[PDB]
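Enquirer: build me a model from this:
(one chain, ligands or ions: 2)
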Amino acid sequence: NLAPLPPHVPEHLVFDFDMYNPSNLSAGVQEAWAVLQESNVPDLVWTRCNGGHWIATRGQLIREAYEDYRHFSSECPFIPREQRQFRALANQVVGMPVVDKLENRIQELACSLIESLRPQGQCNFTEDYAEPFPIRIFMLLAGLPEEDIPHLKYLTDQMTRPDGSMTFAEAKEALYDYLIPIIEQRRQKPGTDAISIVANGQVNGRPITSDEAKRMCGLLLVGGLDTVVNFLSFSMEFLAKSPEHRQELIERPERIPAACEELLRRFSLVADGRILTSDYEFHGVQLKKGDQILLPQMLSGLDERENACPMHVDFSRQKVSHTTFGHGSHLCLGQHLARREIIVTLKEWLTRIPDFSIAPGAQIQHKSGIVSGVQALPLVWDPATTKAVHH
Ligand code: HEM
Ligand SMILES: CC1(C)[C@@H]2CC[C@@]1(C)C(=O)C2
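Expert: Numbers count the residues shown, from 1 in each chain. Ligands and ions are numbered 1, 2, ... in the order given. Provided below are the atomic coordinates:
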């Protein structure tokens, strides 16, 4: 599993961290990563795992590298292996103004999900709420029928969690097979939904091609799935384990957006990277062309150099700082929609199921990867203390 130490890596910089299976996984995935942020670890280290790659362990380095796109390419952001124009278009379809308009329907969606659970006194929140939410949101956002969810959720599940029935290419191809006819059909048309708007979008002074539309539509679908699913889960895990914070938000529901932000820092989950386009000396380390560098979005907000008592969750935290949504020219297009889903989920949950907790004897498991997450989250609660609220 350890790749041979390349000629240019000095030994004092070798810290073999497996981003797919960290040593302290059972303490929590963020805690497992924050081992890179111990006093004795350099700001920039080399791991021999996963082919051999760099890791920036600090907020300064992470931010700087995502700003320095000329040295640090997004051609290969995954370990192991006019953009502004495409972003402007995507932002037409998920920007704040679209999110603002949809809030109402996002809230209806959330409420019937929680309502269909509320009387149970128990659920697997990850499977029962968190999974079916962001996919349904995308259907809403994209004027797609609910009946299309089972086949569509299957394809996206194959890209990140294959059962072996489809290779990534096959699943990719089938997603496109599904999208193309809708794009071509709505291109002809003044539809106000997200596919229509992407379909009919202009790029480089010409119209977007069908191949380009299906590609952006594809990333909008898949980028807003596992991230949200897992982030919601970390958040609910925390609240389940912490009644004081649960009551804090019950007593002051206007604090919820600041909590969201604090939880985004504390339960950050994405770890992407870049590839060096040429040799480059960076913070006193010789990087070599072709080197891949992990630049863990997760780490910035957990760096004590950026937030005091980084592992402590405080909703009154004065200067919340994090790159949970990335940094630089690829900063998440879906962050606004994500925030809304987070806030809406918490408000609509808490005002319905104020008291709840982890099933007794169950131990929550985390997994670690590009998008870290939660295996399962069993909750229990007494239905007598819940309530119903309709829209
Ligand atoms: C809490 C949930 C989310 C987190 C933590 C998050 C995290 C991010 C991060 C860190 C990046 C940049 C990766 C890089 O620089 O290589 C990003 C990019 C992106 N995300 Fe988000 N994401 C979230 C939700 C969303 C949602 C809701 C959507 C779409 C609806 C979205 C779609 C995108 C797309 C299309 C990109 C690529 C932007 C570009 O390449 O220019 N993700 N995601
Ligand atoms: C890691 C991601 C899920 C996040 C959104 C899509 C994705 C593959 C990225 O490029 C950033």
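
Enquirer: tell me which stretches of the stretch 51-200 of the chain form strands.
Expert: Taking DSSP state E, counting those that start in this stretch as the test, the strands found in the stretch 51-200 of the chain are 53-56, 72-73, 122-124.

Enquirer: name the strands paired with the last one and say parallel or antiparallel.
Expert: The partner list of strand 122-124 in its sheet, established with DSSP bridges, is strand 378-380 (antiparallel).

Enquirer: one more: the shortest one?
Expert: Strand 72-73 pairs in its sheet with strand 272-276 (antiparallel), by DSSP bridges.

Enquirer: spell out which residues of the stretch 201-350 of the chain are next to ligand 1.
Expert: 219-220, 223-224, 227-228, 231, 269-270, 272, 297, 324-326, 330, 332-334, 337-338 (Cβ under 6 Å from any ligand atom). Backbone N, C-alpha and C define where each C-beta goes, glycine included.

Enquirer: what about the closest residue in space to residue 218 that isn't next to it in sequence, neighbour count?
Expert: Spatially, and ignoring its direct neighbours in sequence, residue 218 is nearest to residue 175 (5.8 Å; Cβ to Cβ, 6 or more residues apart in numbering). When counting by other Cβ atoms under 10 Å, one arrives at 21 neighbours for residue 175.

Enquirer: and residue 175, how far is that from ligand 2?
Expert: 14 Å (Cβ to the nearest ligand atom, to the nearest Å).

Enquirer: likewise residue 36?
Expert: Residue 36 is 19 Å from ligand 2, by Cβ to the nearest ligand atom.

Enquirer: so what's the residue count around that residue?
Expert: Around residue 36 there are 25 residues (other Cβ under 10 Å).

Enquirer: might one say that it is in contact with residue 18?
Expert: No: when contacts are counted by Cβ atoms under 8 Å, residue 36 is not listed as touching residue 18 (11.7 Å).

Enquirer: picking up where we left off before, looking at the strands of the stretch 51-200 of the chain, which is closest to ligand 2?
Expert: strand 72-73 (13.4 Å; Cβ to the nearest ligand atom).

Enquirer: need the residues that contact that closest one.
Expert: Here strand 72-73 makes contact (Cβ atoms under 8 Å, 6 or more residues apart in numbering) with 65, 66, 274, 275, 276, 277, 293, 295.

Enquirer: can you redo the residues you listed as CSV with distance to residue 156 and neighbour count?
Expert: Formatted as CSV, the contacts of strand 72-73 follow (distance: Cβ to Cβ, whole Å; neighbours: other Cβ atoms under 10 Å):
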residue, distance to residue 156, neighbour count
65, 29, 24
66, 26, 24
274, 25, 24
275, 26, 20
276, 31, 19
277, 31, 15
293, 28, 22
295, 25, 26
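
Enquirer: closest to residue 192 among these?
Expert: residue 66 (33.6 Å; Cβ to Cβ).

Enquirer: now do the contacts for that closest one.
Expert: Counting by Cβ under 8 Å, 6+ apart, residue 66 has contacts 72, 274, 295, 323, 326, 327, 328, 329, 330.

Enquirer: and for the closest residue to the fifth one other than its chain neighbours, the neighbour number?
Expert: This means residue 326. Once flanking residues are discounted, residue 326 sits nearest to residue 332: 5.2 Å by Cβ to Cβ, 6+ apart. Residues near residue 332, counting by other Cβ under 10 Å, number 19.

Enquirer: count the neighbours of residue 53 for me.
Expert: That count, for residue 53 with other Cβ under 10 Å as the rule, works out to 21.

Enquirer: returning to that earlier point: any chance of the strands of the stretch 51-200 of the chain in a markdown table with distance to residue 162 as columns?
Expert: Putting the strands of the stretch 51-200 of the chain into a markdown table (distance: least, Cβ to Cβ, whole Å) gives the following:
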| stretch | distance to residue 162 |
| --- | --- |
| strand 53-56 | 23 |
| strand 72-73 | 27 |
| strand 122-124 | 22 |
